[PDB]
Amino acid sequence: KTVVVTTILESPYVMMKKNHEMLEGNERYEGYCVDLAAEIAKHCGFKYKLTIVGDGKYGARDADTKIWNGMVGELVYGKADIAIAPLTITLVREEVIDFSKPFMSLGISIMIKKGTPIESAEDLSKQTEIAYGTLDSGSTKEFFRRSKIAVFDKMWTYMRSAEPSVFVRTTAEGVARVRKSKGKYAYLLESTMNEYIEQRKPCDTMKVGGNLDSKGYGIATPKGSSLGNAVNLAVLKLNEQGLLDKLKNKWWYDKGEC
Ligand SMILES: Cc1onc(O)c1C[C@H](N)C(=O)O
Ligand SMILES: [Zn+2]
């Protein structure tokens with residue numbers, strides 16, 4: 001009956017409202033994905049319940065365990081009916097779950113502390129004083145692990161062996177590390193997140209260089225779900241009406257602190 005939506009606490013997609021302890025259910029959250037979930041549900045005609053993914057991950061398959069974690073896992077093992085989050089459409093994920101056409105276009109980018117002498121991925125690969133890493137259990141880490149292009153392969157070789165670990169559990173952890181490391185740590189994350197953080201106080205970070213790739217976020221459902229068709233049509237309809245652009249402007253720039 002009520003559609004269980006799995007999502008992740010990642011600003012500005014899903015965040016706890018200031019007054020959340022005094023609110024119930026869906027009303028406890030706010031953000032781009034909260035606004036989008038309400039719209040997808042209206043257009044598809046279903047009631048839903050937002051739930052935060054238990055392990056706080058996007059989703060990756062464990063080598064040997066072979067078990068999918070994160071939001072992807074919630075869909076794969078039937079714990080959730082749909083995932084509405086900044087979840088990247090990738091080949092390994094699409095082999096186990098279905099994705100709508102993209103609701104947001106983005107690419108991996110570099111985040112630096114203002115003043116850091118780095119202008120590109122090539123710059124990072126060619127040096128060692130400035131450490132750099134990515135988020136764990138996601139599409140960004142897999143991009144570097146599977147890349148056959150020289151610069152990225154060199155970056156992966158360094159990242160996989162760096163000590164202490166250059167990988168972080170959450171985006172907020174990556175941003176804090178950039179902010180606290182005096183220019184000695186750069187963070188590789190999706191352009192969407194980079195652009196968002198660039199507009200938040202203390203306004204000390206910035207996106208440098210172009211995107212390393214081009215991809216998109218999709219609304220995900222278990223393979224063969226009855227919801228897939230309507231959800232994809234809803235995403236296409238909402239993008240064409242300008243809603244997705246209005247939502248990005250609202251959560252990224254209208255509320256910008258810089
Ligand atoms: C958001 C975000 O920003 N940088 C990232 O790697 C991610 C996670 C990425 N969207 C995923 O699906 O794994
Ligand atoms: Zn609508």
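Just the heavy atoms: all of them, side chains too, but no hydrogens, waters or symmetry mates, feed the values below. Just follow the structure's listing: the first ligand is 1, and inside any ligand the first atom is 1. Index from 1, following the sequence.
For the 3.5 Å distance criterion, the side chains of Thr192 and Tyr217 qualify, holding a donor opposite an acceptor.
Of all atoms in ligand 1, numbered sequentially from 1 with element shown, those under 4.0 Å from a heavy atom of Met193 are 1 (C), 3 (O). Remark: ligand 1 atoms within the under-4.0 Å shell around heavy atoms of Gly138 are 13 (O). Atoms of ligand 1 lying under 4.0 Å from any heavy atom of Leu87, numbered from 1 in the order shown and given with element: 12 (O). Atom numbering of ligand 1 starts at 1 in the shown order; those under 4.0 Å from a heavy atom of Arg93 are 11 (C), 12 (O), 13 (O). Every atom of ligand 1 is numbered from 1 in the order shown, and the set under 4.0 Å from a heavy atom of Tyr217 is 1 (C), 10 (N). Contact atoms of ligand 1 toward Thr88: 9 (C), 10 (N), 11 (C), 12 (O) (distance under 4.0 Å to a heavy atom of the residue).
Contacts between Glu190 and ligand 1, counted as non-hydrogen atom pairs separated by less than 4.0 Å, involve both the backbone and the side chain. With a heavy-atom cut-off of 4.0 Å, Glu142 does not touch ligand 1 at all.
To the nearest 0.5 Å, atoms NZ (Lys113) and OG1 (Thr205) are separated by 10.0 Å. The CD1 atom of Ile108 sits 9.0 Å away from the CG atom of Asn211 when rounded to the nearest 0.5 Å. If you take CG on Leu247 and CG on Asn239, they are separated by 11.5 Å, rounding to the nearest 0.5 Å.
Using cut-offs of 30° and 60° on the angle between ring planes, the pair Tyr187 and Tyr185 is parallel.
In this structure, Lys248 pairs ionically with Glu195, as a charged nitrogen and a carboxylate oxygen lie closer than 4.0 Å.
If you chain together hydrophobic residues whose side chains sit under 4.5 Å apart, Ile67 and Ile97 fall into the same group.
Judged by the shortest distance from any of its heavy atoms, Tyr13 lies outside the 4.0 Å radius around the atoms of ligand 1.
Which of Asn194, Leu106, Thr140 comes nearest to atom 5 (C) of ligand 1 through a heavy atom is settled by distance: it is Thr140.
With respect to the Zn ion (ligand 2), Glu39 has OE1 as its nearest N, O or S atom.
Annotation for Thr6 and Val53: closest pair OG1-CB, 3.6 Å, computed over non-hydrogen atoms.
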### Message
Please evaluate residues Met193 and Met111 with respect to the criterion side-chain contact (heavy atoms from CB on, under 4.5 Å), reporting the C-alpha separation (whole Å), side-chain torsions for both, the decisive distance (0.1 Å), and the verdict.
### Response
CA-CA 9 Å; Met193 286 304 340; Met111 170 185 293; over 6 Å; no
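An N or O contact shorter than 3.5 Å is missing between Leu189 and ligand 1 by distance. Of the N or O atoms in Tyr58, none lie within a sub-3.5 Å distance of an N or O in ligand 1. Polar contact with ligand 1: absent for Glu10 (N/O pair, distance under 3.5 Å).
Among protein heavy atoms, atom 11 (C) of ligand 1 sits closest to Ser139 OG, 3.2 Å.
You'll find the ring centres of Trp251 and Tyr196 outside the 6.0 Å limit.
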